[PDB]
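>>> Build me a model:
(one chain, ligands or ions: 2)
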Amino acid sequence: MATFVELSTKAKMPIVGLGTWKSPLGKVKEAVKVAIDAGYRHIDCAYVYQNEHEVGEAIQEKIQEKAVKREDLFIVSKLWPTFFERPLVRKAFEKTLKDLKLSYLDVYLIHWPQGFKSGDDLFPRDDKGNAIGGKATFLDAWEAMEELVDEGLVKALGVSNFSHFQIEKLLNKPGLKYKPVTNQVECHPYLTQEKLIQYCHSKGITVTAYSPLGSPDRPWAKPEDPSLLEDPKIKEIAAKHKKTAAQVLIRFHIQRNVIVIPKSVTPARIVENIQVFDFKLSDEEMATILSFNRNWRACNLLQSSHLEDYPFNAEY
Ligand SMILES: NC(=O)c1ccc[n+]([C@@H]2O[C@H](COP(=O)([O-])OP(=O)(O)OC[C@H]3O[C@@H](n4cnc5c(N)ncnc54)[C@H](OP(=O)(O)O)[C@@H]3O)[C@@H](O)[C@H]2O)c1
Ligand SMILES: C/C(=C\c1ccc(C(=O)O)cc1Br)c1ccc2c(c1)C(C)(C)CCC2(C)C
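Numbers count the residues shown, from 1 in each chain. Ligands and ions are numbered 1, 2, ... in the order given. See below for the structure:
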């Protein structure tokens, strides 16, 4: 049973959620069911994961068997950047909600700030594999998303992979109806996001940490790339508490009041990843962990730097 981070809307977002990127069909349903049993109330989803239909099946199953009430679940999905054109925003959302078998989402995020070529090719790219842009912007998309909140289909809106410049562009848009309640970005001891977190918090925006374990199963991983779970200095701290490295990496975010969404389809690990409310990292331990900041991203497979609004060039 998790503590919470309060949003600007006063809604309570569970500080630990379940990630579902690359959760396979046939394992993700069981993953969601084990997580709800273990006390997870926050599930992080996306159109682009192409598994929301199986997540929906699992959620509905657990609501049916009285394991959990809808209003105690916090469901998040994301709009993919091939759907920034107004009518596509609605159609994309409708498929997401249809797949999830829900009547509303708790938060709906812009997945990525750069617009891609519009339509149902989710990864439009040239021969060399660089992304093909579209003319619709994240501001166009936000406009259409705000309707969903007007209609009660989404409780709050958010962003993902935005630098502070792009959040400024959003916050400083004349005639804005709803503000982002969270910015979901990569965060872990090698990418501590100190400036970005400070910025978001000062604007009443929470931060959701993705890839908190360094996404160890990412396909583009080189053995030279650092590994957090195998990091001796992380493992020292885990040992001190007789906890696992994974548990330390998750607890790190909790103690910064940052929401964190570790992904697993392994029942033992799903349970392990929420056993993080019975210990506390000392100040010196937090300081030590923060010192590991390398500014290293597990997640930037996007050959999209040539397009406008690329978020990762900025200092923060
Ligand atoms: N907004 C975005 O752009 C964006 C981008 C990336 C991710 N996300 C979200 O954030 C979530 C989490 O990030 P991520 O999936 O990239 O990587 P991650 O959560 O850092 O790591 C997941 C990997 O670690 C393994 N694992 C999980 N718990 C473990 C434990 N206790 N001990 C050892 N290994 C463990 C998992 O294996 P098994 O699954 O085989 O157990 C999986 O291979 C995603 O699922 C997604 O919902 C969002
Ligand atoms: C994999 C993907 C991005 C992506 C995937 C998952 C998540 C997430 O939230 O977990 C988040 C994200 Br963000 C992507 C985006 C653009 C492109 C590609 C993949 C490939 C590599 C297929 C070709 C080139 C382009 C640039 C079109």
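
>>> Any idea how far stretch 127-145 is from the middle of the chain?
19 Å (CA atoms, centre = their mean, to the nearest Å).

>>> Now that stretch: buried residues?
By 16 or more other CB atoms under 10 Å, the buried positions in stretch 127-145 come out as 131, 133-134, 136-145. Just so you know, the C-beta spots here come from the backbone N, C-alpha and C atoms, and that holds for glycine as well.

>>> mind checking the SS state of the residue nearest the centre of the chain?
The centroid of the chain falls nearest to residue 184 when counting by CA atoms, centre = their mean (4.6 Å). Secondary structure for residue 184, judged by DSSP: H, G, I helix; E, B strand; the rest coil, is strand.

>>> again with residue 289
Secondary structure, three-state DSSP: residue 289 is helix.

>>> show me the residues around it that make contact.
189, 234, 237, 248, 252, 281 (CB atoms under 8 Å, 6 or more residues apart in numbering).

>>> one more time with 10 Å, if that's ok
188-189, 192, 233-234, 237, 248-249, 251-252, 255-256, 281 (CB atoms under 10 Å, 6 or more residues apart in numbering).

>>> next one: residue 274
1-2, 14, 16-18, 35, 38-40, 247, 250, 262.

>>> now swap in residue 264 and tell me
Here residue 264 is in contact with 18-20, 23, 27, 31, 34-35, 213, 246, 270-273 (CB under 10 Å, 6+ apart).

>>> can you name the two of those that are farthest apart?
Using CB to CB, the contacts of residue 264 span at most 18.4 Å, a distance reached by 27 and 246.

>>> Return the residues of the stretch 151-300 of the chain in contact with ligand 1.
160-161, 184, 210-217, 229, 244, 246, 261-266, 269, 272-273, 299 (CB under 6 Å from any ligand atom).

>>> so where do the strands sit in the chain?
Secondary structure of the chain (DSSP state E): strands at 4-6, 12-14, 18-19, 42-44, 74-79, 105-110, 154-160, 182-186, 206-210, 259-260.

>>> So the fifth one, near ligand 2 or not?
No: under the criterion of CB under 6 Å from any ligand atom, strand 74-79 makes no contact with ligand 2; the nearest approach is 6.5 Å.

>>> Repeat that for the fourth one.
No: taking CB under 6 Å from any ligand atom as the criterion, strand 42-44 and ligand 2 are apart, separated by no less than 8.4 Å.

>>> Name all residues that make contact with the residue of the stretch 151-300 of the chain found nearest ligand 2.
Ligand 2 sits closest to residue 161 of the stretch 151-300 of the chain, with a gap of 6.3 Å, by CB to the nearest ligand atom. By CB under 10 Å, 6+ apart, residue 161 lies in contact with 78, 81, 109-114, 183-186, 210, 299-300, 302, 310-312.

>>> Residue 27 and residue 246: who's more crowded?
residue 246 (22 against 15; other CB atoms under 10 Å).

>>> right, and that one touches residue 228 too?
Yes: between residue 246 and residue 228 there is a contact under CB atoms under 10 Å: 8.9 Å.

>>> shared neighbours of those two, anything?
With CB under 10 Å, 6+ apart as the test, residue 246 and residue 228 both reach 212, 213, 216, 234.

>>> Turn those into CSV, including distance to ligand 2 and neighbour count.
As requested, the shared contacts of residue 246 and residue 228 are arranged in CSV below (distance: CB to the nearest ligand atom, whole Å; neighbours: other CB atoms under 10 Å):
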residue, distance to ligand 2, neighbour count
212, 13, 25
213, 13, 22
216, 14, 14
234, 23, 24
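
>>> what two of these have the greatest distance between them?
Taking CB to CB, no two of those sit farther apart than 216 and 234, at 12.7 Å.

>>> which residues are common contacts for those two?
Here residue 216 and residue 234 have 227, 228, 246 as joint contacts, going by CB under 10 Å, 6+ apart.

>>> Quick check, the residue in this protein closest to ligand 1?
Relative to ligand 1, the nearest point of the chain is residue 19 (2.5 Å; CB to the nearest ligand atom).

>>> the inter-axis angle of the longest helix seen in the chain versus strand 74-79?
Assignment by DSSP state H gives helix 86-100 as the longest helix of the chain. Using axes from the mean of the first three to the mean of the last three CA atoms, to 10 degrees, the inter-axis angle of helix 86-100 relative to strand 74-79 is 140 degrees.
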